[PDB]
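Here the structure comes first, spelled out in structure tokens, and everything after it is commentary.
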Amino acid sequence: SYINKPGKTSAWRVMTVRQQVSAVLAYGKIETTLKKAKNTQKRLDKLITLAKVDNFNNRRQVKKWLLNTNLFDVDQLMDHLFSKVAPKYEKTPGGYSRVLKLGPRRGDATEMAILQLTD
Amino acid sequence: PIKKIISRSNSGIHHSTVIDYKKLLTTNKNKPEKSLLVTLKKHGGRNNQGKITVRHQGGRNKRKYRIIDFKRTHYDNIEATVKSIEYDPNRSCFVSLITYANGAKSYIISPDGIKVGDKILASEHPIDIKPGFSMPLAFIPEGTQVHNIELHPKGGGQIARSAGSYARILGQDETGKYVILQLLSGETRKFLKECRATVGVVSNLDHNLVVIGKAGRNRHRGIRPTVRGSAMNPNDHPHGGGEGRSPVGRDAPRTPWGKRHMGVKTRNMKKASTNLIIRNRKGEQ
Amino acid sequence: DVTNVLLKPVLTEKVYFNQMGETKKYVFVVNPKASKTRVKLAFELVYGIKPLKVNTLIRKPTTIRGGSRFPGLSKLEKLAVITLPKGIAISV
Amino acid sequence: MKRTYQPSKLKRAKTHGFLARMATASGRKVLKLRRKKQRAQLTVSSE
RNA sequence: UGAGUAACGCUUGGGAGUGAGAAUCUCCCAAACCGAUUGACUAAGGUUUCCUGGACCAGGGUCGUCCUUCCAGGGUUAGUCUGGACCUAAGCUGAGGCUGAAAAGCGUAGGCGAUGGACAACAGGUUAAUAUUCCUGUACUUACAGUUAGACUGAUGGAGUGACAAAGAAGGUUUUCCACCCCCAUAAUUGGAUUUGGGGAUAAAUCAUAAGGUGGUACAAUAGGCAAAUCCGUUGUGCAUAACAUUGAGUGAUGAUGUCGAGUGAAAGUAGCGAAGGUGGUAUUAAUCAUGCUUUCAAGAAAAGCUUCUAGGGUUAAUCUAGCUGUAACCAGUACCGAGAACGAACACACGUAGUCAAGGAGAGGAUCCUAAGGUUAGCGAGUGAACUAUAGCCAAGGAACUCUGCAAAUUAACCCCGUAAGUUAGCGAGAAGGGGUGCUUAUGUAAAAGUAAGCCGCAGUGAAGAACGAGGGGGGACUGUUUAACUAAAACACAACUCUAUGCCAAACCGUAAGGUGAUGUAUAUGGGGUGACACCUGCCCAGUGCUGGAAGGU
RNA sequence: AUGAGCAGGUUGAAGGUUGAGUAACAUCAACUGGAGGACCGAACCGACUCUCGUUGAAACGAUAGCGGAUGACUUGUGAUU
């Protein structure tokens with residue numbers, strides 16, 4: 001046993017979760033593996049809950065979850081979210097997004113799931 | 001003069017003694033000239049095709065042997081003066097540059113006890129017996145310091161031309177031929193009474209005192225360390241073999257060719273040189 | 001020269017680009033039994049006009065038709081780039 | 001590490017090249033043997 | 001059959017497109033680190049693997065709409081570059097020849113043969129190419145012949161030159177870096193504020209100028225380098241102390257109203273445009289001077305080439321040089337990969353290697369970690385957190401109780417300041433031991449600094465990463481080093497050195513049979529062999545036998 | 001035979017210059033010197049060890065250390081047995 005792939009790690013999970021939260025921020029609708037969705041629902045619901053406080057400290061805190069994208073940039077996303085999107089999700093206590101089961105992947109039979117967000 | 005000093009080595013000790021080369025000479029830098037130089041290269045002790053001939057050759061530094069002249073018949077009796085007595089690394093002695101008055105510079109093996117500036121000259125006629133002077137043996141008296149003696153009428157000097165080596169005259173024979181010499185190496189012969197011999201004693205009497213010190217210095221002088229004959233297979237060295245350091249068990253152990261070498265009569269007795277022998281490390285003749 | 005060391009020109013879009021250049025650069029497949037001086041003298045006797053510049057490269061026998069039922073090798077062909085004087089041109 | 005065989009074209013063309021074998025009669029006789037074997041690889045050129 | 005078993009041969013995300021078909025193809029943007037390497041120059045090699053478009057019978061450890069796969073087509077340009085036409089080194093061959101049944105080995109003249117010597121252009125540009133090879137500019141050289149002019153040269157031969165180590169050191173030299181300016185751009189909310197990023201150069205060739213460096217330079221006669229000498233050798237006078245022969249970094253101007261440039265940047269980041277284009281110190285940096293200089297011994301190529309000497313001669317001229325003009329520059333290479341999936345290695349192999357250069361931050365430094373440039377997706381994946389199995393992170397407590405064992409692991413580690421024992425053959429011992437401190441800010445501090453004072457903080461201050469666990473006793477071996485490619489690398493081997501012996505020239509010896517060669521181009525202070533085997537004192541009885549040597553009579 | 005190369009940090013030697021010093025030696029101080037089959041320490045070499053791999057990419061390998069690493073140095077090229 002010697003040099004091989006590092007495989008999944010807790011840190012790998014952390015970066016991967018942040019990359020999908022940035023991606024769904026850029027898009028809103030995602031077609032991914034269900035398992036990452038069920039792992040990232042915690043962070044996404046807590047972000048929806050904590051971004052509703054809507055202050056500069058919340059901007060600092062949510063800065064630690066976004067990346068640089070091609071469809072937008074980080075700062076205009078901060079503006080748009082804190083202006084209309086995060087306040088929009090105050091109607092219901094919990095149960096923010098829907099992760100609905102698609103078919104499996106053609107390659108290795110990985111359970112596709114569609115992630116969308118409505119209140 | 002040899003000197004040995006602590007080399008500040010932190011792994012073992014050595015005995016490397018070195019000669020000054022400075023208080024005995026000019027400034028210590030290799031000074032070459034384009035006049036007389038023929039290079040000599042390591043032969044590795046191998047034949048004209050590649051098979052072994054000599055034992056543990058190579059390891060030394062490549063040198064250009066200075067062209068040292070011994071014919072001493074091209075220019076004689078015309079005044080000359082030594083220019084620079086200097087080392088010859090391809091030999092064991094120091095060599096001297098001399099300039100014959102026609103304007104000809106050459107090298108010659110410098111014997112012991114000669115200073116630069118004094119005029120020296122090779123003459124085929126009765127002259128001084130000062131060391132370094134060259135004489136026909138028909139005009140030499142008994143008991144003089146002679147070195148680098150030839151065996152032919154101009155066959156080149158061969159005997160007693162290593163550092164601190166010479167020979168002594170025993171006068172000439174009763175009949176007046178084959179001048180008698182008390183040979184080095186505990187021998188005694190009678191050379192031609194007409195040989196051209198140069199009187200003196202080859203320089204560097206202290207070359208017997210220099211110590212290699214470390215095996216690496218020995219290798220860099222041109223010697224390859226080799227395993228002893230006993231620590232060998234029973235073939236390619238007959239006395240090799242044995243499990244657990246079996247020493248020699250036979251009298252007079254053998255060489256790698258399996259030949260006796262303890263005191264055995266080994267020389268070529270049927271030589272022409274043997275007929276002219278008084279003492280040859282043994283009895284008469 | 002012998003003039004037998006000139007087989008054919010080669011023409012394509014890259015050859016279009018070469019010949020439309022101010023140097024009048026042409027490329028020929030040629031028989032390699034001649035040196036640059038000999039090739040340019042052969043061209044100097046095929047029509048009687050001296051060329052401007054002569055250079056040569058070769059293509060070694062390469063595997064022809066790749067891997068197939070009957071594969072083989074190509075030929076050793078010399079590509080000579082010969083430039084006419086910058087003002088002269090031929091109409092063939 | 002250090003390979004037993006190297007693609008030294010020049011070294012091989014000097015060791016088992018045509019002229020290295022034609023310079024000796026034994027090489028020419030070996031070539032006659034190969035002739036009798038009808039081989040396709042004969043020498044460095046007719047390989 | 002074993003059977004879906006083991007494995008998928010060092011590794012990703014999301015979105016979108018094409019596509020009937022997507023983890024596997026790509027478009028966008030992500031992430032990941034290397035970065036003295038995942039860079040680039042690349043040498044050799046494999047030589048088309050390099051490119052465009054089509055599809056992917058075969059293969060891609062799955063995948064395949066795609067690939068170094070195939071199909072069709074196509075790509076590599078040298079007057080100055082490498083090696084040819086120049087050269088020799090190791091070494092090799094070798095007629096007429098030594099020479100051995102035949103066959104063959106040897107080697108003269110001759111003829112080959114780098115791993116070295118000598119040799120005339122730079123930048124930029126282009127396109128699917130690749131290019132000091134093609135081109136824009138500015139160049140340069142070589143001959144060839146003609147021409148004019150100066151106008152005696154000089155080999156084939158001699159001589160100088162070519163033509164010489166390693167190692168150290170400090171000068172100069174431009175850089176670099178920094179202080180600093182210019183210019184481009186820059187103007188910011190989330191708390192606080194106008195702030196940070198980048199650039200600033202320009203060659204070959206020419207001259208002017210080469211700081212300086214090396215090391216004798218005019219005269220006389222010469223005794224000599226087959227012959228030949230004015231060249232050289234050559235002894236004096238003289239300039240010696242420097243005239244002189246030689247030479248050289250660097251600076252400036254042409255080159256260049258150019259390239260390039262912070263960058264700006266239309267139908268592609270492309271067509272176009274394009275400021276600054278600098279100052280001073282520099283305790284770092286670096287390479288030209290430099291083939292410099294020096295220390296030392298184990299003392300460091302020739303040939304081609306350049307010139308000279310007389311030669312050889314000619315002088316109704318040759319030759320050389322100068323100018324001008326014409327002419328021309330022939331042979332093969334220029335793709336791509338190229339310390340690896342294009343070399344091999346059985347291979348998409350986690351495998352190993354030629355040279356060269358290789359940034360910023362601290363750092364002595366290529367140590368260390370992250371980034372600059374460059375470059376990236378290691379051809380299977382997904383679910384899960386059972387046993388068992390690798391790796392780690394952790395462990396309290398004892399602190400060798402386990403073992404055949406202190407095997408493993410561990411405290412140990414960087415810097416600064418100390419101090420270090422006995423013994424020592426005076427070198428060492430000795431990172432001895434053992435300890436103290438390292439953070440920040442404000443100042444003192446010099447040129448940065450090393451340090452010092454005041455205050456402050458932590459749970460600790462290479463606050464990350466990179467760093468010895470010792471002391472003593474006994475045995476051998478002295479020892480640094482070589483060894484069983486590939487189970488055990490040492491107390492084995494080697495060994496300096498000691499001892500003994502043998503060996504005197506056509507040396508002995510060794511190879512071969514001789515030939516021939518090494519020995520050896522050696523010469524008893526040289527070499528071999530046989531034992532020992534840092535250093536010190538010794539090497540005690542015995543020649544019975546034999547071994548070796550010797551001898552003279554004699555039995556044979 | 002011909003070439004190339006081996007960061008840096010160290011420690012600091014033989015030797016030598018001046019002086020003290022001795023009638024002269026002798027002895028030592030200051031200074032230069034920058035070598036050591038010297039030390040680390042890189043690249044690199046080899047593989048002493050713990051473990052793993054055990055039809056492994058591996059027909060000698062994977063990391064961690066480890067003995068060196070300017071000399072008993074390596075290599076490159078050709079040749080030679």
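Please note that chains go A, B, ... in the order of the structure tokens, that every chain numbers its residues from 1, and that ligands are numbered from 1 in the order shown.
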So which residues of range 18-214 of chain B fall under strand (DSSP E or B) by DSSP, listed as a PyMOL selection string?
chain B and resi 18-19+38-40+46+52+63-65+68+80-87+94-100+104-109+111+119-120+134-136+145-147+149-150+157-159+167-169+180-182+187-190+196-199+202
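If we count only C-alpha atoms (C1' of nucleotides), these residues of chain F sit within 9 Å of chain A: residues 52, 53, 62 and 63 of chain F.
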Output for the residues just chosen: C-alpha atoms (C1' of nucleotides) as a PDB file, in the first residue's frame:
```pdb
ATOM      1  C1'   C F  52       3.792  -3.445   3.008  1.00  0.00           C
ATOM      2  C1'   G F  53       3.271  -5.641  -1.791  1.00  0.00           C
ATOM      3  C1'   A F  62       6.214   1.856  -1.844  1.00  0.00           C
ATOM      4  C1'   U F  63       7.251   5.433   1.926  1.00  0.00           C
TER       5        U F  63
END
```
Mind dumping a table of every chain F residue within 10 Å of chain B, with the nearest atom pair and its distance in Å to one decimal, using only C-alpha atoms (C1' of nucleotides), sorted by chain and rising number, as a tab-separated table?
```
residue	atom	partner	partner_atom	distance
F:1	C1'	B:41	CA	9.1
F:12	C1'	B:8	CA	9.4
F:13	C1'	B:7	CA	6.8
F:14	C1'	B:5	CA	6.9
F:35	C1'	B:7	CA	8.9
F:36	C1'	B:7	CA	5.2
F:37	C1'	B:216	CA	5.8
F:38	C1'	B:9	CA	4.5
F:39	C1'	B:10	CA	7.9
F:71	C1'	B:216	CA	9.3
F:72	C1'	B:216	CA	4.7
F:80	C1'	B:50	CA	5.6
F:81	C1'	B:50	CA	4.8
```
Write a file of the selected residues as a PDB file, in the first residue's frame, keeping N, CA, C and O atoms (P, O5', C5', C4', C3', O3' and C1' of nucleotides).
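So the final result, stored in out_36.pdb, reads:
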```pdb
ATOM      1  P     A F   1      44.521   7.033 -20.127  1.00  0.00           P
ATOM      2  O5'   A F   1      43.884   7.881 -21.314  1.00  0.00           O
ATOM      3  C5'   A F   1      44.426   7.815 -22.626  1.00  0.00           C
ATOM      4  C4'   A F   1      43.396   8.194 -23.658  1.00  0.00           C
ATOM      5  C3'   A F   1      42.581   9.437 -23.347  1.00  0.00           C
ATOM      6  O3'   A F   1      43.268  10.630 -23.675  1.00  0.00           O
ATOM      7  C1'   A F   1      41.142   7.697 -24.057  1.00  0.00           C
ATOM      8  P     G F  12      37.109  26.933  14.396  1.00  0.00           P
ATOM      9  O5'   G F  12      38.563  26.540  13.875  1.00  0.00           O
ATOM     10  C5'   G F  12      39.054  25.208  13.991  1.00  0.00           C
ATOM     11  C4'   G F  12      39.852  24.810  12.776  1.00  0.00           C
ATOM     12  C3'   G F  12      40.970  25.793  12.418  1.00  0.00           C
ATOM     13  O3'   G F  12      42.177  25.133  12.032  1.00  0.00           O
ATOM     14  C1'   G F  12      39.488  25.534  10.573  1.00  0.00           C
ATOM     15  P     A F  13      43.551  25.971  12.095  1.00  0.00           P
ATOM     16  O5'   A F  13      44.714  24.886  12.045  1.00  0.00           O
ATOM     17  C5'   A F  13      44.448  23.503  12.191  1.00  0.00           C
ATOM     18  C4'   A F  13      45.235  22.698  11.191  1.00  0.00           C
ATOM     19  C3'   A F  13      46.581  23.276  10.782  1.00  0.00           C
ATOM     20  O3'   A F  13      47.622  23.059  11.717  1.00  0.00           O
ATOM     21  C1'   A F  13      45.400  22.671   8.851  1.00  0.00           C
ATOM     22  P     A F  14      48.892  24.042  11.718  1.00  0.00           P
ATOM     23  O5'   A F  14      49.781  23.520  10.503  1.00  0.00           O
ATOM     24  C5'   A F  14      50.220  22.171  10.461  1.00  0.00           C
ATOM     25  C4'   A F  14      50.718  21.774   9.092  1.00  0.00           C
ATOM     26  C3'   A F  14      51.800  22.648   8.486  1.00  0.00           C
ATOM     27  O3'   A F  14      53.087  22.394   9.020  1.00  0.00           O
ATOM     28  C1'   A F  14      50.160  22.194   6.854  1.00  0.00           C
ATOM     29  P     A F  35      40.263  24.351   0.119  1.00  0.00           P
ATOM     30  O5'   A F  35      40.692  22.851   0.434  1.00  0.00           O
ATOM     31  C5'   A F  35      41.611  22.178  -0.415  1.00  0.00           C
ATOM     32  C4'   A F  35      42.737  21.561   0.373  1.00  0.00           C
ATOM     33  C3'   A F  35      42.342  20.443   1.323  1.00  0.00           C
ATOM     34  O3'   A F  35      42.208  19.195   0.673  1.00  0.00           O
ATOM     35  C1'   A F  35      43.736  21.970   2.453  1.00  0.00           C
ATOM     36  P     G F  36      40.851  18.353   0.818  1.00  0.00           P
ATOM     37  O5'   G F  36      41.206  17.230   1.890  1.00  0.00           O
ATOM     38  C5'   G F  36      42.548  16.781   2.065  1.00  0.00           C
ATOM     39  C4'   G F  36      42.842  16.440   3.507  1.00  0.00           C
ATOM     40  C3'   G F  36      41.895  15.425   4.142  1.00  0.00           C
ATOM     41  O3'   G F  36      42.606  14.609   5.071  1.00  0.00           O
ATOM     42  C1'   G F  36      41.775  17.483   5.325  1.00  0.00           C
ATOM     43  P     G F  37      43.258  13.216   4.597  1.00  0.00           P
ATOM     44  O5'   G F  37      42.013  12.298   4.219  1.00  0.00           O
ATOM     45  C5'   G F  37      42.218  10.974   3.744  1.00  0.00           C
ATOM     46  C4'   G F  37      41.016  10.441   3.006  1.00  0.00           C
ATOM     47  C3'   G F  37      39.893   9.883   3.865  1.00  0.00           C
ATOM     48  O3'   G F  37      39.039  10.889   4.374  1.00  0.00           O
ATOM     49  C1'   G F  37      40.364   8.388   2.082  1.00  0.00           C
ATOM     50  P     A F  38      38.331  10.701   5.805  1.00  0.00           P
ATOM     51  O5'   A F  38      37.518  12.052   6.011  1.00  0.00           O
ATOM     52  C5'   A F  38      38.186  13.301   6.107  1.00  0.00           C
ATOM     53  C4'   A F  38      37.721  14.074   7.315  1.00  0.00           C
ATOM     54  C3'   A F  38      36.250  14.455   7.334  1.00  0.00           C
ATOM     55  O3'   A F  38      35.406  13.389   7.723  1.00  0.00           O
ATOM     56  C1'   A F  38      37.554  16.322   7.955  1.00  0.00           C
ATOM     57  P     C F  39      33.990  13.178   6.992  1.00  0.00           P
ATOM     58  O5'   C F  39      32.925  13.371   8.160  1.00  0.00           O
ATOM     59  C5'   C F  39      33.324  13.826   9.443  1.00  0.00           C
ATOM     60  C4'   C F  39      32.422  14.923   9.946  1.00  0.00           C
ATOM     61  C3'   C F  39      31.067  15.034   9.268  1.00  0.00           C
ATOM     62  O3'   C F  39      30.131  14.074   9.729  1.00  0.00           O
ATOM     63  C1'   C F  39      32.019  17.186   9.491  1.00  0.00           C
ATOM     64  P     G F  71      38.189  15.650  -0.475  1.00  0.00           P
ATOM     65  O5'   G F  71      38.068  14.297   0.356  1.00  0.00           O
ATOM     66  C5'   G F  71      38.884  13.183   0.031  1.00  0.00           C
ATOM     67  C4'   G F  71      38.095  12.112  -0.676  1.00  0.00           C
ATOM     68  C3'   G F  71      38.845  11.338  -1.747  1.00  0.00           C
ATOM     69  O3'   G F  71      39.685  10.328  -1.226  1.00  0.00           O
ATOM     70  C1'   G F  71      36.746  11.994  -2.591  1.00  0.00           C
ATOM     71  P     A F  72      41.263  10.378  -1.520  1.00  0.00           P
ATOM     72  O5'   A F  72      41.595   8.923  -2.072  1.00  0.00           O
ATOM     73  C5'   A F  72      40.952   7.774  -1.535  1.00  0.00           C
ATOM     74  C4'   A F  72      40.439   6.870  -2.628  1.00  0.00           C
ATOM     75  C3'   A F  72      38.948   7.005  -2.926  1.00  0.00           C
ATOM     76  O3'   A F  72      38.718   6.779  -4.319  1.00  0.00           O
ATOM     77  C1'   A F  72      39.421   4.792  -2.239  1.00  0.00           C
ATOM     78  P     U F  80      36.821  -2.664 -30.018  1.00  0.00           P
ATOM     79  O5'   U F  80      37.788  -3.336 -28.949  1.00  0.00           O
ATOM     80  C5'   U F  80      39.161  -2.981 -28.890  1.00  0.00           C
ATOM     81  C4'   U F  80      39.755  -3.303 -27.544  1.00  0.00           C
ATOM     82  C3'   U F  80      39.279  -4.594 -26.906  1.00  0.00           C
ATOM     83  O3'   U F  80      39.909  -5.740 -27.449  1.00  0.00           O
ATOM     84  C1'   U F  80      39.273  -2.866 -25.293  1.00  0.00           C
ATOM     85  P     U F  81      39.037  -7.032 -27.833  1.00  0.00           P
ATOM     86  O5'   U F  81      39.081  -7.922 -26.513  1.00  0.00           O
ATOM     87  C5'   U F  81      40.316  -8.391 -25.997  1.00  0.00           C
ATOM     88  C4'   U F  81      40.137  -9.032 -24.646  1.00  0.00           C
ATOM     89  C3'   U F  81      38.847  -9.808 -24.460  1.00  0.00           C
ATOM     90  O3'   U F  81      38.900 -11.106 -25.025  1.00  0.00           O
ATOM     91  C1'   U F  81      39.194  -8.410 -22.589  1.00  0.00           C
TER      92        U F  81
END
```
Would you mind listing, as an MDAnalysis selection string, all residues of chain C that have at least one atom within 9 Å of chain E, where only C-alpha atoms (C1' of nucleotides) are what counts?
chainID C and resid 35:38 54:57 62 65:67 80:81
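Every chain E residue lying within 6 Å of chain A, based on only C-alpha atoms (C1' of nucleotides), is listed here: residues 10, 11, 14, 29, 190, 381 and 382 of chain E.
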Check: which chain E residues lie within 8 Å of chain D using only C-alpha atoms (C1' of nucleotides), as a PDB file with N, CA, C and O atoms (P, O5', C5', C4', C3', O3' and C1' of nucleotides), in the first residue's frame:
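Contents of the output file part24.pdb:
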```
ATOM      1  P     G E  45      19.713   8.827 -32.283  1.00  0.00           P
ATOM      2  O5'   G E  45      18.503   7.842 -31.950  1.00  0.00           O
ATOM      3  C5'   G E  45      18.731   6.543 -31.418  1.00  0.00           C
ATOM      4  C4'   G E  45      17.597   6.114 -30.518  1.00  0.00           C
ATOM      5  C3'   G E  45      16.249   5.903 -31.199  1.00  0.00           C
ATOM      6  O3'   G E  45      16.120   4.597 -31.738  1.00  0.00           O
ATOM      7  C1'   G E  45      15.974   7.272 -29.281  1.00  0.00           C
ATOM      8  P     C E 343       9.017   5.382 -27.514  1.00  0.00           P
ATOM      9  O5'   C E 343      10.395   6.022 -27.035  1.00  0.00           O
ATOM     10  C5'   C E 343      11.591   5.819 -27.771  1.00  0.00           C
ATOM     11  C4'   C E 343      12.680   5.247 -26.901  1.00  0.00           C
ATOM     12  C3'   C E 343      12.381   3.893 -26.275  1.00  0.00           C
ATOM     13  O3'   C E 343      12.653   2.811 -27.151  1.00  0.00           O
ATOM     14  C1'   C E 343      13.225   5.364 -24.623  1.00  0.00           C
ATOM     15  P     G E 344      11.543   1.680 -27.423  1.00  0.00           P
ATOM     16  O5'   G E 344      11.766   0.620 -26.254  1.00  0.00           O
ATOM     17  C5'   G E 344      12.943  -0.172 -26.193  1.00  0.00           C
ATOM     18  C4'   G E 344      13.476  -0.257 -24.786  1.00  0.00           C
ATOM     19  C3'   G E 344      12.725  -1.181 -23.838  1.00  0.00           C
ATOM     20  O3'   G E 344      13.150  -2.530 -23.950  1.00  0.00           O
ATOM     21  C1'   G E 344      13.087   0.913 -22.792  1.00  0.00           C
ATOM     22  P     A E 345      12.144  -3.740 -23.625  1.00  0.00           P
ATOM     23  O5'   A E 345      11.773  -3.548 -22.086  1.00  0.00           O
ATOM     24  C5'   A E 345      12.732  -3.762 -21.059  1.00  0.00           C
ATOM     25  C4'   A E 345      12.224  -3.249 -19.734  1.00  0.00           C
ATOM     26  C3'   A E 345      10.882  -3.813 -19.294  1.00  0.00           C
ATOM     27  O3'   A E 345      11.001  -5.066 -18.646  1.00  0.00           O
ATOM     28  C1'   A E 345      10.816  -1.465 -19.143  1.00  0.00           C
ATOM     29  P     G E 352      10.939   4.974 -10.110  1.00  0.00           P
ATOM     30  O5'   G E 352      12.210   4.873 -11.065  1.00  0.00           O
ATOM     31  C5'   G E 352      13.275   3.983 -10.772  1.00  0.00           C
ATOM     32  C4'   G E 352      14.410   4.167 -11.746  1.00  0.00           C
ATOM     33  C3'   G E 352      14.728   5.613 -12.096  1.00  0.00           C
ATOM     34  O3'   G E 352      15.597   6.216 -11.150  1.00  0.00           O
ATOM     35  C1'   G E 352      14.501   4.354 -14.086  1.00  0.00           C
ATOM     36  P     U E 353      16.165   7.703 -11.373  1.00  0.00           P
ATOM     37  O5'   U E 353      17.573   7.469 -12.078  1.00  0.00           O
ATOM     38  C5'   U E 353      18.214   8.513 -12.794  1.00  0.00           C
ATOM     39  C4'   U E 353      18.696   8.035 -14.140  1.00  0.00           C
ATOM     40  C3'   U E 353      18.805   9.100 -15.218  1.00  0.00           C
ATOM     41  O3'   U E 353      20.025   9.815 -15.142  1.00  0.00           O
ATOM     42  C1'   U E 353      17.668   7.204 -16.077  1.00  0.00           C
TER      43        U E 353
END
```
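You will find CA of residue 238 in chain B at 13.5 Å from CA of residue 251 in chain B.
Among B:248, B:201, B:170, B:163, the residue with the shortest atom-to-atom distance to residue 130 in chain B, counting only C-alpha atoms, is B:201.
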I want to know what sits within 12 Å of residue 16 in chain D, based on only C-alpha atoms (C1' of nucleotides), with residues of the same chain fewer than 3 positions away left out; could you give that as a short mmCIF file (atom, residue, chain, number, x, y, z; two decimals) with N, CA, C and O atoms, in the first residue's frame?
```cif
data_model
loop_
_atom_site.label_atom_id
_atom_site.label_comp_id
_atom_site.auth_asym_id
_atom_site.auth_seq_id
_atom_site.Cartn_x
_atom_site.Cartn_y
_atom_site.Cartn_z
N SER D 8 20.42 1.61 -29.11
CA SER D 8 21.59 2.28 -29.66
C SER D 8 21.75 1.83 -31.11
O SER D 8 22.37 0.80 -31.38
N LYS D 9 21.18 2.60 -32.04
CA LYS D 9 21.26 2.25 -33.45
C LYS D 9 22.70 2.25 -33.94
O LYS D 9 23.11 1.36 -34.69
N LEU D 10 23.48 3.26 -33.54
CA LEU D 10 24.86 3.35 -33.99
C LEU D 10 25.71 2.23 -33.40
O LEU D 10 26.50 1.60 -34.12
N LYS D 11 25.55 1.96 -32.10
CA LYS D 11 26.34 0.91 -31.46
C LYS D 11 26.03 -0.45 -32.08
O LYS D 11 26.93 -1.26 -32.31
N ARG D 12 24.75 -0.70 -32.37
CA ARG D 12 24.39 -1.97 -32.99
C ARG D 12 24.86 -2.04 -34.44
O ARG D 12 25.30 -3.10 -34.91
N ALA D 13 24.79 -0.92 -35.17
CA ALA D 13 25.27 -0.90 -36.54
C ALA D 13 26.78 -1.04 -36.61
O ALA D 13 27.31 -1.40 -37.67
N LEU D 19 29.03 -4.27 -42.63
CA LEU D 19 30.46 -4.22 -42.91
C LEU D 19 31.28 -4.85 -41.79
O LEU D 19 32.36 -5.41 -42.05
N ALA D 20 30.77 -4.82 -40.56
CA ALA D 20 31.42 -5.52 -39.45
C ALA D 20 31.46 -7.02 -39.68
O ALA D 20 32.39 -7.70 -39.23
N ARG D 21 30.46 -7.56 -40.37
CA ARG D 21 30.40 -8.99 -40.68
C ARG D 21 31.04 -9.35 -42.01
O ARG D 21 31.53 -10.47 -42.17
N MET D 22 31.04 -8.43 -42.98
CA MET D 22 31.70 -8.70 -44.25
C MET D 22 33.21 -8.58 -44.11
O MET D 22 33.95 -9.24 -44.84
N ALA D 23 33.68 -7.77 -43.16
CA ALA D 23 35.11 -7.66 -42.91
C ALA D 23 35.73 -8.97 -42.45
O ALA D 23 36.95 -9.11 -42.50
N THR D 24 34.91 -9.93 -42.01
CA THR D 24 35.39 -11.24 -41.61
C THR D 24 34.73 -12.30 -42.48
O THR D 24 33.56 -12.15 -42.85
N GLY D 27 31.64 -13.97 -40.90
CA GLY D 27 30.41 -13.22 -41.08
C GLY D 27 29.76 -13.47 -42.43
O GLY D 27 28.54 -13.62 -42.53
N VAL D 30 28.15 -16.82 -42.31
CA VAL D 30 26.90 -16.71 -41.56
C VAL D 30 25.81 -16.10 -42.45
O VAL D 30 24.65 -16.51 -42.41
N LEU D 31 26.18 -15.11 -43.26
CA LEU D 31 25.24 -14.53 -44.21
C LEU D 31 24.80 -15.55 -45.25
O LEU D 31 23.64 -15.53 -45.67
N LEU D 42 18.10 -9.86 -42.98
CA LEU D 42 19.45 -10.35 -43.21
C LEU D 42 20.48 -9.50 -42.47
O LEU D 42 21.16 -10.01 -41.58
N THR D 43 20.58 -8.21 -42.80
CA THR D 43 21.53 -7.31 -42.18
C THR D 43 20.80 -6.06 -41.71
O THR D 43 19.57 -6.02 -41.64
N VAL D 44 21.58 -5.03 -41.36
CA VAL D 44 21.01 -3.80 -40.83
C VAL D 44 20.19 -3.06 -41.89
O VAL D 44 19.21 -2.38 -41.57
N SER D 45 20.57 -3.17 -43.16
CA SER D 45 19.81 -2.55 -44.23
C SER D 45 18.71 -3.47 -44.75
O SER D 45 17.54 -3.09 -44.82
N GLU D 47 16.95 -5.59 -43.42
CA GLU D 47 16.34 -6.10 -42.20
C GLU D 47 14.85 -6.35 -42.39
O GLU D 47 14.28 -6.03 -43.44
#
```
Need the shell around residue 2 in chain C: protein/DNA/RNA residues with any atom at most 10 Å away, counting only C-alpha atoms (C1' of nucleotides). Skip same-chain ones fewer than 5 positions apart. Format as a PyMOL selection string?
chain C and resi 33-34+38-39+41-43+45-46
Quick one: everything within 7 Å of range 256-266 of chain B, counting only C-alpha atoms (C1' of nucleotides), minus sequence neighbours fewer than 5 positions away in the same chain. Send it as a count of residues only.
8
May I ask you to extract the residues of chain F within 12 Å of chain D, using only C-alpha atoms (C1' of nucleotides), and to give them as JSON, numbers by chain?
{"F": [58, 59, 60, 61, 77, 78, 79]}
